[PDB]
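Now for the letters of each chain:
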Number of protein chains: 2
Amino acid sequence: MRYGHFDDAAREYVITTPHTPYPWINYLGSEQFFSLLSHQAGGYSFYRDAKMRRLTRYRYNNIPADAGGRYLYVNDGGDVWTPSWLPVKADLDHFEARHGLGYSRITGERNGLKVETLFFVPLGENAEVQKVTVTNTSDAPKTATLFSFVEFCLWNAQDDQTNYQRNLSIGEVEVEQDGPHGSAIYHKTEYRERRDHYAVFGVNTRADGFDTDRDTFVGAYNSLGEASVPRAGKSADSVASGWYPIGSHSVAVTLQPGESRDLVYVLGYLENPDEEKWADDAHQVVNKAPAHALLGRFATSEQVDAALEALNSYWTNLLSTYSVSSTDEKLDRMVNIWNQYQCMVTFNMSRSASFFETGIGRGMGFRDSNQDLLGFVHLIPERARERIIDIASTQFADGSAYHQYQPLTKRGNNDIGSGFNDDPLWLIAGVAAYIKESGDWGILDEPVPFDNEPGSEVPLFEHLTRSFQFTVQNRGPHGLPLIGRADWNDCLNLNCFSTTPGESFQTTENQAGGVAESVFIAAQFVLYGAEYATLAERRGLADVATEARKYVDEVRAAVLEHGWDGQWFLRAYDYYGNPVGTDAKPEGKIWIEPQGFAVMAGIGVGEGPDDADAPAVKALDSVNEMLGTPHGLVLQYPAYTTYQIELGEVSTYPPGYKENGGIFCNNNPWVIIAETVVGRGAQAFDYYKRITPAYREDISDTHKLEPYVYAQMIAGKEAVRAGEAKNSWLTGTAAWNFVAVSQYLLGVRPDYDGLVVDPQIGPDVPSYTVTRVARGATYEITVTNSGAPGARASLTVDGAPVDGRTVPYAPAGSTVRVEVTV
Amino acid sequence: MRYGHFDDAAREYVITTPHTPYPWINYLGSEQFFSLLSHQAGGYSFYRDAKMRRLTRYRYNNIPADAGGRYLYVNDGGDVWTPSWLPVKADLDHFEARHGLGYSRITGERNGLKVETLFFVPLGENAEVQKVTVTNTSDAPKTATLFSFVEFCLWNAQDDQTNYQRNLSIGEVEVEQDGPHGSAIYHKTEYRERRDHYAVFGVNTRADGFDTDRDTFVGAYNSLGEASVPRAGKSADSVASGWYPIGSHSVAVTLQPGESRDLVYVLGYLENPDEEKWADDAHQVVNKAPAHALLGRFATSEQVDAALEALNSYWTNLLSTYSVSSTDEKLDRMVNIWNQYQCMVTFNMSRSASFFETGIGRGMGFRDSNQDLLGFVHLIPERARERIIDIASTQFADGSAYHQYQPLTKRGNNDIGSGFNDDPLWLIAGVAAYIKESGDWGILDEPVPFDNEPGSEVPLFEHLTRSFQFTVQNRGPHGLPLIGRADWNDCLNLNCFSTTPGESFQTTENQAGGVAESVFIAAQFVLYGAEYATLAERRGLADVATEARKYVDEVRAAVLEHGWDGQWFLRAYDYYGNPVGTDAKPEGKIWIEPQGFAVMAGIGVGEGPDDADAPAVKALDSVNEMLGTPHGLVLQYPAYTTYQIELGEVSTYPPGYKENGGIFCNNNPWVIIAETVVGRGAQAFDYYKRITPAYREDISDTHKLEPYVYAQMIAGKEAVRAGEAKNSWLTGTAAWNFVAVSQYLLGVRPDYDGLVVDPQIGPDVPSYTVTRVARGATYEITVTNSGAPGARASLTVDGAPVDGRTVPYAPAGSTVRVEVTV
Ligand SMILES: OC[C@H]1O[C@@H](O)[C@H](O)[C@@H](O)[C@@H]1O
Ligand SMILES: OC[C@H]1O[C@@H](O)[C@H](O)[C@@H](O)[C@@H]1O
Ligand SMILES: [K+]
Ligand SMILES: [K+]
């Protein structure tokens with residue numbers, strides 16, 4: 001069951017009905033200004049930070065969903081409709097929405113008028129541009145009046161939604177019907193006071209009329225679908241004082257049969273220097289210079305099209321670093337287009353703002369942004385470098401870190417908790433990924449403060465030492481890392497014991513003492529502490545590196561001695577020292593995270609995939625049997641059916657959802673990668689297909705959410721809603737799947753001194769070529785793959801056999817031809 | 001222009017159209033369970049705390065406003081309509097809503113079916129009951145199906161609105177079609193975990209069908225006005241699993257010509273002891289015992305009626321303490337009914353939850369709850385006593401206090417700022433009003449902790465000494481109290497200097513040092529420091545009292561010497577010692593707060609109203625001339641037209657709104673009482689009329705909000721919206737106008753040892769009788785009033801002339817007849 005299709009040549013998803021199972025969105029912008037845009041034009045835009053500089057208003061949990069966005073009401077002879085279908089819901093003769101890379105087009109046609117709108121954020125601009133084309137598709141002349149509409153937000157979205165007792169009296173606007181390229185409205189709430197910024201909403205023509213007051217435009221007792229002004233056929237020229245500012249312009253157009261007209265609208269974010277905020281000595285009238293310039297840069301359709309083409313070229317350039325040509329078109333569209341596009345979006349948004357995350361409490365996550373770096377470092381290495389510096393600046397001197405930072409200020413906060421003991425090790429992961437990718441060893445010398453404190457700077461390498469030493473100096477009675485508030489699983493809260501309702505487990509005070517340990521952080525420390533040992537040796541720190549290898553070896557042996565349940569890895573020891581994730585308990589017998597992570601770290605790996613005695617194989621077979629479903633692998637089994645006070649948030653979810661028996665997709669690639677490590681390519685690829693957008697498109701009515709991006713959670717087998725996704729777009733699933741498919745399944749993966757070429761994908765992809773740009777040289781990697789279990793590659797390079805699977809990096813400008821036989 | 005009228009005999013405001021300027025609400029409940037109910041059935045319900053235990057969901061800033069509430073969709077022959085008008089907006093043949101004391105009735109009739117709903121919260125119950133009467137007003141038999149609807153909230157209203165990434169997976173219900181009294185739906189989100197509470201929505205009949213999933217009942221792409229289930233005419237029997245739980249039952253009705261049927265619906269809040277939460281050993285099925293009991297208590301019309309009658313008797317008893325019979329029916333309905341009812345609501349709700357206050361950030365305000373006591377102590381003194389202990393327990397040992405407390409827990413928080421230096425003295429005000437009303441001197445001996453700390457208890461009197469000593473030990477260089485974060489005016493933030501956008505002025509950190517002083521707090525200290533001295537005297541503390549009256553004299557002298565601008569009182573000195581509220585400045589020349597409060601404290605009062613040399617008279621004349629408008633007295637003049645960094649939030653409002661040139665009604669009664677003190681009753685009464693609901697009903701189209709309650713803010717003369725109110729219901733204006741009218745205009749006011757009878761109302765009310773129950777005796781107070789300027793009363797009591805205007809309190813059971821000549 002499908003509601004659209006991929007168009008690979010156009011790099012677009014084509015939605016051919018308004019009647020999708022859920023609003024399906026795109027993100028516009030890749031730099032500092034972003035828009036959430038549904039296939040019904042719903043959503044909102046913000047500059048840098050969705051909580052603090054939100055330009056336009058959007059209602060989550062509206063009835064119906066997604067009533068509110070950038071609308072264009074058409075009044076043709078008294079009949080009013082919107083080409084986005086919502087909010088008016090007039091019958092359309094034709095409707096299509098295409099979501100592309102950084103832009104979308106939505107086109108609706110009714111009664112001989114076709115209205116197509118291109119929405120995008122241009123490169124280098126803090127603005128959302130709309131190019132609207134109206135065409136008379138009838139055989140007689142048409143006259144229609146077009147009313148644009150956007151509802152402003154009062155910048156601080158939390159305040160906007162809660163503090164009406166103040167903010168119903170502060171809404172301010174200016175209206176400029178006769179500006180230099182057409183008509184503009186200025187939304188300038190609090191520019192009177194501390195804000196140096198305002199929004200503009202303008203059109204490239206002298207508008208017939210305007211509206212800036214929502215209640216006037218919409219009318220008492222009316223929804224957006226029933227707005228009075230478009231039904232009247234003329235603007236009310238309303239000038240807001242408080243209440244709800246909007247931007248709306250009316251333009252009447254007359255079109256002969258076949259004739260079209262373009263109109264260009266811009267929503268822009270402008271700043272002025274404090275000294276130049278005002279046009280007038282009395283400080284009453286905003287300085288419009290930068291808004292006039294912006295509108296000048298988008299006064300013509302030619303300017304729009306040039307900017308859209310520059311954006312297309314930017315995307316071609318980004319996607320030129322890693323591409324695959326295989327016999328599986330679903331695989332190829334994920335690797336070449338969709339998974340990389342999503343990794344840009346997660347890089348920019350972290351978990352902050354989607355149609356599920358509300359752009360309020362969540363900023364840039366310390367763990368989240370590190371995981372997203374793993375799937376982003378090849379796309380724009382300079383920006384990954386900057387992100388590493390920003391994240392490491394929010395770390396404390398003892399190696400612990402703020403769990404997230406505020407995007408606008410880059411300062412850490414505790415708003416979604418403190419003391420997540422996996423956080424410090426993710427910094428080592430992010431840096432190791434970045435150095436392997438770029439060979440930029442010099443980043444280890446970058447001075448980086450602790451908690452943004454001027455003069456506290458130490459080299460970024462020393463931050464990694466603090467991370468490493470934090471785990472070393474925080475192990476429990478089994479030699480396993482103490483878990484703290486939680487590890488990667490935010491709902492495994494072993495120090496909590498909360499009996500007070502409604503207090504967030506994420507922020508609630510934890511109990512000192514106890515002996516609670518995490519098998520997940522143990523594996524994480526084996527995996528990434530090995531990379532820290534390597535960086536130390538490369539830095540000429542021989543003794544630090546020897547010591548680091550020793551501690552890694554200790555923790556590794558502890559996993560096998562104290563972290564093994566018999567047929568799978570234990571999950572943890574709780575506050576009392578009792579095992580969690582043991583077959584000795586009735587529920588939560590096996591938990592997926594240490595199964596994938598321990599095996600990625602090589603723990604329990606035997607002689608080959610057919611070595612039934614190896615703990616890794618036993619562990620992965622137990623995952624397959626106990627956690628496997630057609631939709632992916634669930635987090636634990638059985639799910640908990642009553643509240644387990646000593647485990648925290650996890651048992652508070654009904655079984656089959658989120659952390660209690662949901663398919664929590666971020667941890668599935670760990671098992672995929674683990675499967676590649678033991679030599680079971682076919683099984684690893686199977687798990688990849690079960691959760692991957694292009695493979696799940698044919699069950700779009702089950703998945704419900706966007707068929708072109710990963711989501712955080714698919715309901716698991718214990719849910720009545722099994723198969724149904726929540727929380728699309730913003731998830732570490734995107735980066736980790738890209739890691740899994742690009743580096744482990746397809747097998748092309750940067751190491752410090754050469755490119756590892758190690759396919760392990762099984763027999764469903766028997767022939768493919770990867771084109772990989774790495775360290776300035778292009779590698780054409782032609783793979784002939786039997787897919788036989790445990791079979792690993794041999795290579796020839798430029799006509800000559802090479803030993804093993806690592807190709808030493810060639811000099812920049814080379815074309816290196818690698819022939820791979822598996 | 002009116003949209004309804006007062007019905008005095010019924011104690012109701014009758015709304016005769018759905019098409020009001022704004023939603024007009026009532027509050028149901030007076031104990032621990034409260035509903036906000038508009039004349040369109042919109043709003044929500046909560047137990048004790050609107051942030052933490054909110055039963056049902058309501059959207060502020062919805063389009064249209066107030067789409068959402070307790071709906072009953074009637075399907076007659078395929079035609080669907082709701083008697084509340086919204087959300088369907090079908091043409092009704094008749095519509096009326098009556099808001100009463102603790103109940104409302106909303107009736108709509110269409111095509112031969114009349115549907116009346118009585119909504120109320122019964123005494124002693126944590127539930128909202130609706131008795132629905134449907135009548136066939138046609139001459140032929142009718143059939144219809146009625147579908148009830150309410151949307152649940154996930155208890156924590158903040159989480160409900162912002163934390164979808166967790167909470168879309170936690171919604172849980174149970175469905176009981178065949179229970180003891182009829183059908184019931186249980187909303188039990190998080191009862192699996194830490195909540196010992198669930199909600200029930202039931203009806204006293206076996207429903208034909210039900211729905212618990214919003215998306216199924218409403219249908220995809222639909223608003224509530226388009227709900228699919230009522231249109232199809234059959235329930236979908238949906239059982240929610242996450243997403244959006246609701247309660248809906250369908251009931252088929254059949255009616256002969258002229259026949260009616262009653263249906264009783266109950267939304268209830270139930271708790272179980274932890275040990276009895278579950279019906280089953282597996283802990284999956286909630287114990288329904290308390291809900292079954294509740295539903296049996298409201299299984300019949302007879303039970304509903306008995307309970308509504310008990311509620312009516314309760315209100316007649318509450319209102320028997322103070323009433324007036326005069327020549328002015330507008331004055332009488334305010335004093336007798338509406339102002340007292342509003343005082344009950346502000347006592348219960350503080351500033352927490354209205355159609356403007358969102359029931360999230362604001363709990364029970366320390367200042368607000370003390371001002372509310374002034375207008376509530378005569379209603380239920382035992383409940384006032386307890387509130388005093390509650391508030392005083394959140395005070396710190398140094399006499400400063402948390403600015404508010406969380407209603408559920410009674411623990412103070414800083415969520416809306418700290419260090420408001422008027423707060424400590426408001427506690428003296430509250431206790432003095434309480435003791436004058438009740439003669440309960442023993443409250444001063446009650447053990448009360450500081451910040452709820454076990455073992456920190458000291459007598460309540462000692463808390464007052466901490467408050468009094470706080471001001472004494474925190475005066476600035478002119479002998480005036482240091483202002484701290486702000487005084488009563490929350491936007492006068494002299495220690496702020498914020499240049500950072502979107503950091504609340506209320507909570508942002510303040511700068512140490514400086515010399516910022518408040519003339520407001522100086523006047524509050526002179527007024528209430530005198531009360532504290534009298535309490536110390538009655539306790540035999542002659543040293544303490546003598547020293548107290550000394551400091552009162554020093555501050556009074558400081559006001560005259562350093563707080564006087566020439567024709568009015570100064571407002572403040574800023575951080576650098578520069579005067580605020582001086583004719584020397586271009587804007588904010590005169591501010592109303594010290595003019596009212598200084599003169600209330602007797603500061604600057606001369607020989608009589610025509611003593612034109614007296615500072616009090618010059619100050620009051622300046623108020624009249626510079627701040628007077630037809631709608632009330634604005635806060636200051638001119639309003640500030642640019643941001644003044646040294647003054648904090650105040651100049652961030654556009655001129656004419658809130659604290660920047662708005663009519664901030666709470667401060668108007670201070671000027672009214674001031675004018676009574678100086679002997680100008682005619683002017684005091686004029687100001688009272690200008691802001692008083694019964695008098696502004698005839699301009700309902702200008703005031704906009706409820707015509708039967710005070711609001712916090714009416715737009716001032718500098719606003720394009722001059723005359724239009726915001727923030728109705730929840731305001732200190734209610735208590736302080738009750739004080740003004742009952743105690744100063746009408747002149748009947750308790751003092752420690754007798755009842756003062758001192759009318760000062762001017763010639764427009766030439767005779768009236770007050771009936772006042774005080775200390776167990778009833779005083780029948782018959783006034784003949786010339787209104788002569790400055791003329792004050794002489795009294796005869798029970799046939800004998802008495803000296804002065806204070807009647808010593810008579811023994812309990814007495815009827816004391818007081819004859820008053822003015
Ligand atoms: O914190 C509540 C305070 O908020 C300020 O923004 C408003 O101007 C005040 O009227 C209000 O009392
Ligand atoms: O604070 C963010 C966290 O909130 C928890 O309630 C959820 O279960 C987690 O998946 C999410 O990461
Ligand atoms: K997590
Ligand atoms: K205030």
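Residues numbered from 1 in each chain as written, not as in the entry; some residues may be left out. Chains lettered and ligands numbered in written order. Heavy atoms only, no water.

Engineer: Help me understand the site of ligand 2, please; the structure alone is not making it clear to me.
Structural biologist: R362, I416, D490, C491, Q506, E649, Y653, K658, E659 and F664 of chain A together with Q165 and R166 of chain B make up every residue found near ligand 2. Among the chains of the assembly, those with residues near ligand 2 are chains A and B. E649 of chain A is positioned with one of its side-chain polar atoms (N or O) 2.5 Å from an oxygen atom of ligand 2. At 2.9 Å, a side-chain N or O of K658 of chain A approaches an oxygen atom of ligand 2. For ligand 2, whose unbound accessible area comes to 320 Å², protein coverage reaches 94%. Tallied by class, the residues present in the shell around ligand 2 amount to four nonpolar, two polar and six charged. (Near = heavy atom within 4 Å. Polar contact = N/O pair within 3.5 Å; in protein donor to acceptor, adjacent residues only side chain to side chain. Areas by Shrake-Rupley, 256 points an atom, 1.4 Å probe, with all protein chains shown as cover. Nonpolar A, V, L, I, M, F, W, Y, C, P; charged D, E, K, R; others polar.)

Engineer: I'm lost on the UniProt feature "domain: Glycosyl hydrolase 94 catalytic" (unreviewed entry) in chain A in this one. Help?
Structural biologist: Residues given the UniProt feature "domain: Glycosyl hydrolase 94 catalytic" (unreviewed entry) here are residues 314-747 of chain A. A distance of 26 Å separates the end C-alpha atoms of residues 314-747 of chain A, which is 42% helix and 11% strand. (UniProt positions renumbered as here; feature names shortened; annotations may be inferred. Helix = DSSP H or I, 4+ residues; strand = E, 2+ residues; numbered from the N terminus.)

Engineer: Sorry, what's going on with the packing of helix α12 (residues 519-538) of chain A against helix α14 (residues 592-600) of chain A here?
Structural biologist: A pair of packed helices is captured by two measures, namely the crossing angle of their axes and the spacing between those axes. Residue and element names in this part refer to chain A. For the pair α12 and α14, the least separation of the axes is 8 Å and the interaxial angle reads 20°. Between α12 and α14, the crossing angle belongs to the class labelled roughly parallel. Between α12 and α14 lies a crossing whose hand is left-handed. Here α12 contributes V519, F520, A523, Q524, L527 and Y528 to the contact with α14, which in turn contributes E593, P594, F597, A598 and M600. Of the residues that constitute the contact of α12 with α14, the class distribution is nine nonpolar, one polar and one charged. (Axes fitted to C-alpha atoms, helices over the stretch in contact; angles between N-to-C directions. Parallel < 35°, antiparallel > 145°, perpendicular 65-115°, else oblique. Left-handed = near helix turned anticlockwise from the far one by under 90°. Contact = heavy atoms within 4.5 Å.)

Engineer: Honestly, helix α11 (residues 460-472) of chain A in this entry has me stumped. Any pointers?
Structural biologist: Each turn of an α-helix holds 3.6 residues, which means side chains three or four residues apart point in the same direction. Residue and element names in this part refer to chain A. Between the first and last C-alpha of α11 there are 19 Å, a value that for 13 residues agrees with the 18 Å anticipated at 1.5 Å per step. For α11, the buried fraction is high: eleven of the 13 residues fall into the buried class. Residues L460, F461, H463, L464, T465, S467, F468, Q469, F470, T471 and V472 constitute the buried set of α11. Looking at the buried positions of α11, the neighbouring elements they touch are α9 (381-392), α10 (423-438), β24 (447-448), β25 (458-459), α12 and α13 (542-562). (Expected span 1.5 Å × (residues − 1). Buried < 20%, exposed > 50% of the residue type's maximum accessible area, 1.4 Å probe, protein only.)

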